[PDB]
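As structure tokens, one chain now follows by itself in the form deposited in one PDB entry.
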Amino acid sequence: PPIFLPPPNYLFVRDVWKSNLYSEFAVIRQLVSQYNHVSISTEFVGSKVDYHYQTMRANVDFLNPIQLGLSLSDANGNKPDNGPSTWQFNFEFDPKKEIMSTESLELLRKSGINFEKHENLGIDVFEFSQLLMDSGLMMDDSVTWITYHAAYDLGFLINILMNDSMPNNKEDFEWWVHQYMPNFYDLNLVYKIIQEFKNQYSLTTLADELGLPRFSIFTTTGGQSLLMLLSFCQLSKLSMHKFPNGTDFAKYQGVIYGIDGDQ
């Protein structure tokens, strides 16, 4: 597979804590009109379609975000030559909340998580959601959201963006999601149906096939949003946004739980 190496400065992730939360959102705010494609990734500490939704609904208000990544670029994957284009928001964490197993906590450790920094400089999730609401990224179809295994990320996003009044059924959940993100794609789904037309579906195997080096920055939460966006824009470019049968990717815009008829 030909090597795909994006310009070096595209592979930089700016860490965000309570100290630079507002200034970073000020930068996001002025870049979005041009770099209108936004990818998101998350890290939580803690019919088949109706099962997935019910499993998610029963878990969202008990799952607490520790990290969240956002990456911005235009439709062709171009990014600003100066300054950060990917952010890793680190949220506040309570050193005494007895909500985890040592397997998970030790797992997180390796993943590059300093709990002490989260306890003393972690950002407040409500403050973050408020900044996200007014950033210009929500409720605007000129902005395209990119996700991988949406359901849970969006579930969470919607959960914080709203009055914690989570919807009560799949149908109403989808309604709210389309209202906050009128233009979005689940890259995992786009790839699954592509890599199902020629016959793994992980972001990693997708990135390999596109020939993206296994840079370690890609292993962090911020790096993940970055890998996601790079992959979306490249896969899209090589495919002139078409599926192996000529169909346009748009056919799957807004699809979380499967296209109408395959649910």
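Here the rigid core means the biggest group of C-alpha atoms that line up within 1.5 Å when the two forms are laid on top of each other. For every residue, the number given is its place in the sequence shown, counted from 1.
Form deposited with a partner chain bound: not shown, discussed below.
Trainee: Can you pick the stretch from 113 to 121, 75 to 83, 89 to 97, 158 to 166 whose heavy atoms fall within 4.5 Å of the partner chain in the entry with it bound?
Mentor: Selected range: 158 to 166.
Trainee: Might residue 174 be said to contact the partner chain in the entry with it bound, defining contact as any heavy atom within 4.5 Å?
Mentor: Output for residue 174 is no: heavy atoms all beyond 4.5 Å of the partner chain.
Trainee: Is residue 179 close to the partner chain in the entry with it bound, meaning a heavy atom pair under 4.5 Å apart or at it?
Mentor: Yes, residue 179 lies within 4.5 Å of the partner chain in the entry with it bound.
Trainee: Residue-level question: is residue 103 within 4.5 Å of the partner chain in the entry with it bound, judged on heavy atoms?
Mentor: Contact with the partner chain, no.
Trainee: Check residue 188 for me: does it contact the partner chain in the entry with it bound (non-hydrogen atoms, 4.5 angstroms)?
Mentor: Residue 188 lies outside the contact set for the partner chain.
Trainee: Once the rigid core is superposed, exactly one of 133, 100, 75, 125 has its CA displaced by 2 Å or more between this form and the one not shown; which residue is that?
Mentor: Once the cores are aligned, the residue moving by 2 Å or more is 100.
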